[PDB]
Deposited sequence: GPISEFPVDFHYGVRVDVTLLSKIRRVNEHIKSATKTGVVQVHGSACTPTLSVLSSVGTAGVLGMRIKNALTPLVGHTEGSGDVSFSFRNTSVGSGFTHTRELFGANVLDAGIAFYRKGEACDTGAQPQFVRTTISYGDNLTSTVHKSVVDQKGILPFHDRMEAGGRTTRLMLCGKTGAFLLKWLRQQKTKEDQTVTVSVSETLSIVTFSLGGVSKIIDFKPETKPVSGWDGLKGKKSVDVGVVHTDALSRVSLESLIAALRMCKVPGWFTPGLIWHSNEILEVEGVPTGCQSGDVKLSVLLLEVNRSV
């Protein structure tokens, strides 16, 4: 019984290639998800990053459900590994394939199964992979966190961002360490500290009420942020380097840091163009 299927809009995914291509090695061992409302599901790829971080790429309006499904007009959630055990088939590799024509993901029962179908350039070649949907334990959670309000956020310019990333790298040993990242309202200053060294970065606090990254970026000369209370976080160094790397997509995203109401420090790709409307990218860094 083929209870639910979807048609992947490959033209849209092509436009998005560079983002996927950027995080490909982090996501090979990841998990693919088809979730949200049955009418407009979201395509998300998630995977751990370093010892304490979760990456999430999420794509809207890229899936069209196929008529005749017993799921009604409510929510849907299917979570499977994109590189099935022992296979050479990687869902995201194929979905974003340059030489792709048609593509569809279909879910069926009667065990829970997934059937991905790929059709290539010559309207002749095709691959049909088929695996088990056994990653129910993972829920979409990236778009489910109280932002706006007055949340402590920070946005670095290109210069400062690269300098931070170079500094972070040259501190690493073979064994992972934990970086303490703190924000001081009294001094509009962000500090990164580990080993027996610290990197200090001051910014310009934004007075005016602001929700999101708009009206905060991008000055590209100075570092800006919003801070209503001090924040302290202890995150994995590996996870942090990775996150600042994954969220700097040449011509697509620039890193932005958010200290959530939780204990979670979120590194997010902040859009430098209009092209990335249907895509959201980030890594959640866990407290250590």
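Subject >> Stretches with no C-alpha atoms in the model, relative to the deposited sequence starting at 1 >> reply: Gaps in the modelled chain, taken against the deposited sequence, lie at 1-8, 119-127, 306-309.
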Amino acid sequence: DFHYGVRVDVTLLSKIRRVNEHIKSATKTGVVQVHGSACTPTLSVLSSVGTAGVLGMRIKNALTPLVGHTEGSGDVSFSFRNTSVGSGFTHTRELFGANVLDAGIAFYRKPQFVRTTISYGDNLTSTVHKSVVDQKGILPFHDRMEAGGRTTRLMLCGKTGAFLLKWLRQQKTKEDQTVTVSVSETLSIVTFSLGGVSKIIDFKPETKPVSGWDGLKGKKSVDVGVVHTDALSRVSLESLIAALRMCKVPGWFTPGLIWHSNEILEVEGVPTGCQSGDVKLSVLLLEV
From here on, numbers count along this sequence of modelled residues.
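Subject >> Entry-level comparison of average CA B-factors, 46-54 and 63-71, reporting the higher stretch >> reply: Looking at the recorded C-alpha B-factors, 63-71 comes out higher on average.
Original post:
Once you work out the mean C-alpha B-factor for both 162-170 and 149-157 from the entry, which is higher?
Top reply: It is 149-157.
Original post:
Based on the PDB record, which member of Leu95, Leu216, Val133, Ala106 exhibits the highest Cα temperature factor?
Top reply: Within the set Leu95, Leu216, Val133, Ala106, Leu216 shows the top C-alpha B-factor.
Original post:
From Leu232, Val32, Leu237, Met246, can you pick the one with the highest C-alpha B factor in the entry?
Top reply: Result of the comparison over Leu232, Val32, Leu237, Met246: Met246.
Original post:
Considering only modelled residues of the same chain, in which third does the CA B-factor of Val190 rank: lowest, middle or highest?
Top reply: Lowest third of the chain for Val190's C-alpha B-factor.
Original post:
Sorting the chain's CA B-factors, does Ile138 end up in the lowest, middle or highest third?
Top reply: For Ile138, whose C-alpha B-factor we compare with every modelled residue in the chain, the answer is the highest third.
Subject >> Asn99 by Cα B-factor - lowest, middle or highest third of the modelled chain >> reply: Its C-alpha B-factor belongs to the highest third of this chain's values.
Original post:
What third of its chain, lowest, middle or highest, does the C-alpha temperature factor of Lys110 fall into?
Top reply: For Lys110, the deposited C-alpha B-factor lands in the highest third.
Original post:
So where's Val181 on the chain's Cα temperature factor ranking, which third?
Top reply: According to the entry, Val181 has a C-alpha B-factor in the chain's lowest third.
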